[PDB]
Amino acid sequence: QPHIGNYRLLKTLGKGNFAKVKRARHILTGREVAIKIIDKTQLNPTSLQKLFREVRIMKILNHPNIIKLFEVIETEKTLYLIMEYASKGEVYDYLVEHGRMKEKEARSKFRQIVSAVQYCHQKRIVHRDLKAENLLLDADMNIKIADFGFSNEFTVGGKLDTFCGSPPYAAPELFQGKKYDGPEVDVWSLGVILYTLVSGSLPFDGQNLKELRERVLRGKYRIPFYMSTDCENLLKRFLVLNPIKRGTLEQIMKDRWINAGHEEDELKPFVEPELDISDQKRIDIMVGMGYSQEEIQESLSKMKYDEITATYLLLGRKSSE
C-alpha cells in the first residue's frame, strides 16, 4: 500500500482542479487523517507562490470547527497537506440523505459555523466560497469547515462550481460586477447556509446561471410554514441585498434564535487558547518513538508542521475504531 512519510494512503475522497484528497492513516499513532495532494508540476510560478501563501494561512487557523493542519510534506513534484479527517462527510450529502434539520440541530451547527467564520474574519481572512459541500461533519456531528484560505483551483471543487465558487451561495454584489473580497460576501453565504440547514433546500436556484443570477439579485425567497419567526428574523440579517446593511457576525452572535437554549452561554467571538506544548505524557510517548525531547520542543515552539509536530497534535486527538 502506497505511503507518504509516516502516512499510509487509503481511498480517494475527492478529486478536481489541481487537487486530490485522500483518507490516510498516521502509522505511528493510528489516527486517521485527510491529505490534500497538489501536483506542483501543473502550476506556473505565480500560482505556485499563491499556493504557498494560502498554505501559510492554513497554518495559522486553529479553531475547533475549522479543518486543522497537522503536517506539510513537500517533494520536488508534489505538495501534501495532512489535515483533520471529518468522518461523517459533507453537510451537502447529509441533507440529501436525511432532509432538513430540526431547528435545535441546525442551531448547534450554525453556532459552530458562525464562530469559525467570525474567527477568520478577525484575521481578515474571507472564505469566499462557503457552501454545503465544504461544511464537513466529524464523528460527533461537529462542523469542520474545509478549504478556508484556499482559492478554488486548490480545492477539489463542488458539483456546480462556476466563476470559482458555488453560484447558489454567491452574494448579489458578485453578479453585479462589484467588489468581491470583504467579509460581507461570506455573511450572505452564511444566510444561504442557514436556510439550507433548516429547509433542506436552497433559497435561490435556477435551471441555468442566468435564471439563478436573477433570483439572487431580486433577493426574494420562500419562508416555509414550519420555520420559526425567530429563524426567519435571523435570515433577514444575512440575506440583505445591500452589503453594508447586512449584520456583521459579531452583531449576529447576539441574535435571539442563535442563542435560544443558550441563555447563560451567549455566542461570542472565539478566543484561541495557547497550545500546551509541554504535555509530558505525550512527550514520553514520542521519546519512545525515537524522537528526542529537545527536538520536540524545537518543532513545537517554532510550530514547524514537520513529522514531530504532527505526531504530538495527533496524540492529542482521540483514537477511533
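The numbering used is simple: start at 1 and walk along the sequence shown.
In the comparison with other entries of the same protein, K210 is given coordinates in all of those covering both sides of it, so it never reaches the one-third threshold.
In all of the other compared structures of this protein with flanking residues present, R124 is modelled, so it falls below the one-third mark for missing coordinates. Per-stretch averaging of Cα B factors for 111 to 119 and 69 to 77 places 69 to 77 on top. Averaged over their C-alpha atoms, the temperature factors of 245 to 253 and 127 to 135 are higher for 245 to 253.
Listed residues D140, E153, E184, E232 were ranked by CA B-factor as deposited; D140 comes out on top. In this structure the maximum Cα B-factor among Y195, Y85, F238, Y180 is found at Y180. Annotation for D147: C-alpha temperature factor in the lowest third relative to the rest of the modelled chain, per the entry. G165: CA B factor lies in the middle third for its chain, per the PDB record. Split the chain's modelled residues into thirds by C-alpha temperature factor. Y226 is in the highest one. Ranked against the other modelled residues of its chain, the C-alpha B-factor of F204 as given in the entry falls in the middle third. Looking at the C-alpha B-factors along this chain, the one for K59 belongs to the lowest third.
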